[PDB]
Amino acid sequence: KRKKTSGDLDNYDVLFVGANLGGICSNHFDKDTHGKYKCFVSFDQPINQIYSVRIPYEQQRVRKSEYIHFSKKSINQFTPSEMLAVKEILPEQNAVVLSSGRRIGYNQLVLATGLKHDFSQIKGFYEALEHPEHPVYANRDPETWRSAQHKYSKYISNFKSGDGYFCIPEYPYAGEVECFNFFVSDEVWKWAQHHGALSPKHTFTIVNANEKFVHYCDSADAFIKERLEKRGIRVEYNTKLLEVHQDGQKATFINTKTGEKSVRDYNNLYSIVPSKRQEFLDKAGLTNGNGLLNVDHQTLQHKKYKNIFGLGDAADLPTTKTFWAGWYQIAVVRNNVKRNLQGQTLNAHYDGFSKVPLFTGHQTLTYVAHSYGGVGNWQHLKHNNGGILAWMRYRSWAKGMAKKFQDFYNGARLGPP
Ligand SMILES: NC(=O)c1ccc[n+]([C@@H]2O[C@H](COP(=O)([O-])OP(=O)(O)OC[C@H]3O[C@@H](n4cnc5c(N)ncnc54)[C@H](O)[C@@H]3O)[C@@H](O)[C@H]2O)c1
């Protein structure tokens, strides 16, 4: 009946750059328009690691099959895709050049290029995270690990002794609140001190380069800091991890405020992988400052270039870059983009809603739900101190969310509402 559109073409009437949230949109853009347009997708990496369940992963509450998903699956069968990165974007020409060189034209462009992980900002990090024994752990799995490597789970369990550092890189970085495992670790290391598994000649400090944990929600940052103390955890601000020596287990830090670097023995290091701005977005004059797209806060349309959009993490938005945010930014992009193909006005506005669980304990969580102005809704920091209510919501996310990300990329389950 309906036939797959061509990938061997010279221009399309929509072009999506990304598969994770750029693909869920296309599958939504079709069901919203009934296939009246031919849309192309061009991602860069083959696998989509589901970082929304990254802590239930490290607890082995989610199997590796439910955490690793191919990028093709997000895209529907009809829409053609190719795993080639766009070399440059010519917005004045309405065109997009890929790595191979095949110039592609467009009518509307949707950018979901996220924040690109740059393991090389931290020298020697990747080669220590790939080692199946070294105590260097990170926010994501390398692609050379096979189905039988479960090093990720050993971070909390194998912390018998020594100095442990949890390092947060410089904003903008991916995985703000969803990759903070320093409250479940404390609980599990509070037991290990009680029966002797974890020595008392050990120190754990949070090396945060940024001044605050959550830039766009004051209430969450205040709660995190207040709760970090009540536990007894120590934080070091304005310090960022700069190098890792895998032989002697030395970690070179630098306090950007004073520019004064230190070297410290580690025996358990975790880092939230550091990102890096892509230059083809700055040669094209789209990004603003930090490297994020200069888009409207309400409609998500680019300030200049009325026909370019942007969503997800690539977009410069005053909210927490979560997934449930993007669930609301594809509903908006797929509307306006279609209103712009019909000439009509852009009637869909983004409220700034973003919802990410924060795990306060081994089996408890609280939701960070907040709109554009940092203002939280009825769930913001509820049942934060644990209890039967937070216990259940933990199971509903750990045992029941990874089973859903298959549908999202299928199409069988759409957004929350
Ligand atoms: N906790 C973490 O460390 C982490 C890291 C990445 C993503 N995430 C989650 O994923 C959610 C969605 O992320 P996103 O959609 O904003 O970005 P993303 O991290 O999912 O990646 C964006 C997609 O665009 C592709 N891409 C990047 N550069 C490209 C280029 N030059 N050309 C073509 N394709 C390119 C990528 O391969 C990818 O398919 C985020 O809200 C976040 O919750 C978390």
# chains A, B, ... in the order shown; residues from 1 in each chain; ligands from 1
call {"tool": "residues_near_ligand", "arguments": {"ligand": "ligand 1", "cutoff": "7 Å", "atoms": "only C-alpha atoms and all ligand atoms", "output": "ChimeraX atom specification"}}
result
/A:17-22,42-45,48,50-52,71,84-87,112-116,139-140,174-176,178-179,272-273,311-314,321-323,325-326
call {"tool": "select_by_dssp", "arguments": {"residues": "stretch 261-309 of chain A", "states": "strand (DSSP E)", "output": "JSON, numbers by chain"}}
result
{"A": [261, 262, 263, 264, 265, 268, 269, 270, 271, 275, 276, 287, 288, 292, 293, 308, 309]}
call {"tool": "atom_distance", "arguments": {"atom1": "atom CA of residue A:93", "atom2": "atom CA of residue A:107"}}
result
10.3 Å
call {"tool": "residues_around", "arguments": {"residues": "residue A:207", "least_positions_apart": "2", "cutoff": "10 Å", "atoms": "only C-alpha atoms", "output": "PyMOL selection string"}}
result
chain A and resi 165-169+204-205+209-210+234-241+253+255+270-271
call {"tool": "write_last_selection", "arguments": {"atoms": "N, CA, C and O atoms", "output": "short mmCIF file (atom, residue, chain, number, x, y, z; two decimals), in the first residue's frame"}}
result
data_model
loop_
_atom_site.label_atom_id
_atom_site.label_comp_id
_atom_site.auth_asym_id
_atom_site.auth_seq_id
_atom_site.Cartn_x
_atom_site.Cartn_y
_atom_site.Cartn_z
N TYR A 165 35.78 9.63 44.30
CA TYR A 165 35.40 10.91 43.73
C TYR A 165 34.27 10.73 42.73
O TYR A 165 34.37 9.90 41.82
N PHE A 166 33.20 11.48 42.92
CA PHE A 166 32.12 11.62 41.95
C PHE A 166 32.28 13.00 41.34
O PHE A 166 32.12 14.01 42.04
N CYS A 167 32.58 13.05 40.05
CA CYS A 167 32.90 14.30 39.39
C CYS A 167 31.80 14.71 38.42
O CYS A 167 31.33 13.90 37.62
N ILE A 168 31.40 15.97 38.51
CA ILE A 168 30.41 16.60 37.64
C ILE A 168 31.14 17.59 36.73
O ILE A 168 31.83 18.48 37.23
N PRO A 169 31.00 17.47 35.42
CA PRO A 169 31.69 18.40 34.52
C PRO A 169 31.05 19.77 34.43
O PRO A 169 30.13 20.11 35.18
N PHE A 204 34.89 10.10 50.59
CA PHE A 204 34.11 10.33 49.38
C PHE A 204 33.73 11.80 49.31
O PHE A 204 33.08 12.31 50.22
N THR A 205 34.14 12.47 48.23
CA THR A 205 33.84 13.87 48.01
C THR A 205 33.26 14.06 46.61
O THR A 205 33.67 13.37 45.67
N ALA A 209 32.32 20.84 39.17
CA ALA A 209 32.91 22.00 38.52
C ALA A 209 31.98 23.20 38.61
O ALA A 209 32.42 24.34 38.78
N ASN A 210 30.69 22.95 38.44
CA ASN A 210 29.67 23.98 38.48
C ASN A 210 29.42 24.44 39.90
O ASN A 210 29.71 23.74 40.88
N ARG A 234 30.50 15.46 51.38
CA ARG A 234 31.31 16.65 51.20
C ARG A 234 31.39 17.00 49.72
O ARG A 234 31.52 16.11 48.87
N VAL A 235 31.30 18.29 49.42
CA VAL A 235 31.32 18.77 48.05
C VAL A 235 32.45 19.78 47.88
O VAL A 235 32.82 20.51 48.80
N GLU A 236 32.99 19.79 46.66
CA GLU A 236 34.04 20.72 46.25
C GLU A 236 33.58 21.37 44.95
O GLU A 236 33.52 20.70 43.91
N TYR A 237 33.27 22.65 45.01
CA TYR A 237 32.75 23.36 43.85
C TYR A 237 33.89 23.93 43.03
O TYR A 237 35.03 24.03 43.48
N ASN A 238 33.57 24.31 41.80
CA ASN A 238 34.48 25.02 40.90
C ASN A 238 35.68 24.18 40.51
O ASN A 238 36.60 24.68 39.84
N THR A 239 35.70 22.92 40.91
CA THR A 239 36.76 21.97 40.59
C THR A 239 36.27 21.01 39.52
O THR A 239 35.18 20.44 39.65
N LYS A 240 37.07 20.81 38.47
CA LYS A 240 36.71 19.88 37.42
C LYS A 240 37.86 18.92 37.15
O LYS A 240 39.03 19.31 37.14
N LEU A 241 37.49 17.66 36.92
CA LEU A 241 38.45 16.63 36.59
C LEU A 241 39.09 16.89 35.24
O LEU A 241 38.40 17.14 34.25
N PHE A 253 42.96 17.25 39.20
CA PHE A 253 41.86 18.21 39.23
C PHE A 253 42.38 19.63 39.03
O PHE A 253 43.57 19.90 39.16
N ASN A 255 40.88 23.71 39.98
CA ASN A 255 39.88 24.63 40.52
C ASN A 255 39.81 25.86 39.64
O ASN A 255 40.63 26.78 39.77
N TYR A 270 33.89 8.13 39.59
CA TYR A 270 32.76 8.23 38.69
C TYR A 270 32.75 9.62 38.09
O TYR A 270 33.02 10.61 38.78
N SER A 271 32.46 9.71 36.80
CA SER A 271 32.30 10.99 36.15
C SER A 271 31.09 10.99 35.24
O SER A 271 30.82 9.99 34.56
#
call {"tool": "closest_atom_pairs", "arguments": {"of": "stretch 314-357 of chain A", "to": "stretch 23-38 of chain A", "cutoff": "10 Å", "atoms": "only C-alpha atoms", "output": "JSON lines"}}
result
{"residue": "A:326", "atom": "CA", "partner": "A:25", "partner_atom": "CA", "distance": 9.6}
{"residue": "A:327", "atom": "CA", "partner": "A:24", "partner_atom": "CA", "distance": 8.9}
{"residue": "A:329", "atom": "CA", "partner": "A:25", "partner_atom": "CA", "distance": 9.0}
{"residue": "A:330", "atom": "CA", "partner": "A:25", "partner_atom": "CA", "distance": 5.4}
{"residue": "A:331", "atom": "CA", "partner": "A:25", "partner_atom": "CA", "distance": 7.8}
{"residue": "A:332", "atom": "CA", "partner": "A:25", "partner_atom": "CA", "distance": 9.7}
{"residue": "A:333", "atom": "CA", "partner": "A:25", "partner_atom": "CA", "distance": 7.9}
{"residue": "A:334", "atom": "CA", "partner": "A:29", "partner_atom": "CA", "distance": 5.4}
{"residue": "A:335", "atom": "CA", "partner": "A:29", "partner_atom": "CA", "distance": 8.1}
{"residue": "A:337", "atom": "CA", "partner": "A:29", "partner_atom": "CA", "distance": 8.8}
{"residue": "A:338", "atom": "CA", "partner": "A:33", "partner_atom": "CA", "distance": 7.9}
{"residue": "A:341", "atom": "CA", "partner": "A:37", "partner_atom": "CA", "distance": 9.7}
call {"tool": "residues_around", "arguments": {"residues": "residue A:155", "least_positions_apart": "5", "cutoff": "8 Å", "atoms": "only C-alpha atoms", "output": "NGL selection string"}}
result
:A and (135 or 137 or 268 or 270)
call {"tool": "residues_around", "arguments": {"residues": "residue A:4", "least_positions_apart": "3", "cutoff": "9 Å", "atoms": "only C-alpha atoms", "output": "PyMOL selection string"}}
result
chain A and resi 77-80
call {"tool": "write_last_selection", "arguments": {"atoms": "N, CA and C atoms", "output": "short mmCIF file (atom, residue, chain, number, x, y, z; two decimals), in the first residue's frame"}}
result
data_model
loop_
_atom_site.label_atom_id
_atom_site.label_comp_id
_atom_site.auth_asym_id
_atom_site.auth_seq_id
_atom_site.Cartn_x
_atom_site.Cartn_y
_atom_site.Cartn_z
N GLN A 77 9.42 2.63 9.66
CA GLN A 77 9.85 1.91 8.47
C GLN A 77 9.78 2.78 7.23
N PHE A 78 8.71 3.57 7.10
CA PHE A 78 8.53 4.39 5.90
C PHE A 78 9.59 5.48 5.78
N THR A 79 9.96 6.12 6.86
CA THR A 79 10.87 7.24 6.71
C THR A 79 12.29 6.74 6.49
N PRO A 80 12.97 7.19 5.44
CA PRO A 80 14.33 6.74 5.18
C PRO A 80 15.34 7.37 6.12
#
call {"tool": "residues_around", "arguments": {"residues": "stretch 9-13 of chain A", "least_positions_apart": "6", "cutoff": "8 Å", "atoms": "only C-alpha atoms", "output": "list in words"}}
result
residues 37, 38, 39, 40, 103, 104, 105, 106, 107 and 108 of chain A
call {"tool": "write_last_selection", "arguments": {"atoms": "N, CA and C atoms", "output": "short mmCIF file (atom, residue, chain, number, x, y, z; two decimals), in the first residue's frame"}}
result
data_model
loop_
_atom_site.label_atom_id
_atom_site.label_comp_id
_atom_site.auth_asym_id
_atom_site.auth_seq_id
_atom_site.Cartn_x
_atom_site.Cartn_y
_atom_site.Cartn_z
N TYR A 37 3.96 14.05 3.55
CA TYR A 37 5.27 14.62 3.29
C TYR A 37 6.34 13.54 3.38
N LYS A 38 7.43 13.78 2.68
CA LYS A 38 8.56 12.86 2.61
C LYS A 38 9.68 13.42 3.48
N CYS A 39 10.00 12.71 4.56
CA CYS A 39 10.91 13.20 5.58
C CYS A 39 12.08 12.25 5.79
N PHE A 40 13.27 12.84 5.90
CA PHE A 40 14.54 12.15 5.99
C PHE A 40 15.14 12.33 7.37
N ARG A 103 24.89 16.83 -1.05
CA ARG A 103 24.11 17.99 -0.66
C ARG A 103 22.63 17.62 -0.64
N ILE A 104 21.97 17.94 0.47
CA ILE A 104 20.56 17.68 0.67
C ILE A 104 19.87 19.00 0.94
N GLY A 105 18.75 19.24 0.26
CA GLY A 105 17.94 20.41 0.51
C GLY A 105 16.76 20.08 1.41
N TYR A 106 16.15 21.14 1.94
CA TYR A 106 15.01 20.96 2.82
C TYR A 106 14.09 22.16 2.74
N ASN A 107 12.90 21.98 3.29
CA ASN A 107 11.90 23.02 3.52
C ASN A 107 11.81 23.42 4.99
N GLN A 108 11.91 22.45 5.89
CA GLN A 108 12.01 22.67 7.32
C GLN A 108 13.01 21.70 7.91
#
call {"tool": "closest_residue", "arguments": {"among": "A:263, A:99, A:287, A:352", "to": "residue A:299", "atoms": "only C-alpha atoms"}}
result
A:352
call {"tool": "residues_around", "arguments": {"residues": "residue A:367", "least_positions_apart": "3", "cutoff": "6 Å", "atoms": "only C-alpha atoms", "output": "PDB file with N, CA and C atoms, in the first residue's frame"}}
result
ATOM      1  N   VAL A 356      12.179  14.645  36.023  1.00  0.00           N
ATOM      2  CA  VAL A 356      13.217  13.635  36.157  1.00  0.00           C
ATOM      3  C   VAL A 356      13.196  13.085  37.577  1.00  0.00           C
ATOM      4  N   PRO A 357      13.171  11.770  37.750  1.00  0.00           N
ATOM      5  CA  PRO A 357      13.322  11.199  39.087  1.00  0.00           C
ATOM      6  C   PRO A 357      14.693  11.446  39.682  1.00  0.00           C
ATOM      7  N   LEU A 358      14.698  11.732  40.976  1.00  0.00           N
ATOM      8  CA  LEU A 358      15.912  11.818  41.768  1.00  0.00           C
ATOM      9  C   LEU A 358      15.843  10.714  42.807  1.00  0.00           C
ATOM     10  N   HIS A 380       6.752  18.149  42.792  1.00  0.00           N
ATOM     11  CA  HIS A 380       8.080  18.661  43.074  1.00  0.00           C
ATOM     12  C   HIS A 380       8.482  18.304  44.494  1.00  0.00           C
ATOM     13  N   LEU A 381       9.490  17.451  44.619  1.00  0.00           N
ATOM     14  CA  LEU A 381      10.108  17.149  45.900  1.00  0.00           C
ATOM     15  C   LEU A 381       9.074  16.699  46.922  1.00  0.00           C
TER      16      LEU A 381
END
